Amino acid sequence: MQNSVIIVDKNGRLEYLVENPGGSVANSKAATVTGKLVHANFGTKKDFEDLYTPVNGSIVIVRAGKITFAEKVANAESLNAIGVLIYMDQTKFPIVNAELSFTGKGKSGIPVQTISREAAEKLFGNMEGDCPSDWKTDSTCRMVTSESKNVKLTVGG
């Protein structure tokens, strides 16, 4: 279903293909979105409450775990995020059979994509701000993209 995660420079001339994930998120809306990438830990409600950066109008990246993918997306949707990236921090191997179950059996309101940990680590290289020690995640974790960088998420259909 031809998915792609791309870091685009705000000068409009440079971009860097992070990953074209072979796996698709079942019931994700098919679209392309571009904006800031904000790390929201696991995407739980408390994670979003303790977040400094407003996710409204931004792509959020979350770790798999604690809650379903649908609940992560539903919280990001509620806070007016434009897209969601999901990755596992405990393995390099990609998420398989990623799935979104919503009331009414419909799709997400925003594009949702699973990415490998290597892909997440690449995004973190273009991101600033150490993640809180309380998250108990890899030292490569970063919070928000630098001002000169946006993430272009494309989920195909």
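From 1 onward, residues are counted along the sequence shown.
Of the candidates 67, 60, 51, 112, the one whose C-alpha carries the top B factor in the deposited record is 51. In this PDB entry, the Cα temperature factor of residue 43 sits in the bottom third of its chain's modelled residues, the lowest group.
The deposited CA B-factor of residue 14 belongs to the middle third of values across its chain.
Ranked within its chain, residue 123 lands in the lowest third, by CA B factor from the PDB record. Remark: residue 90 belongs to the highest third of its chain, ranked by C-alpha B-factor as recorded. For residue 131, the recorded CA B-factor ranks within the highest third of the chain. Only modelled residues enter the ranking.
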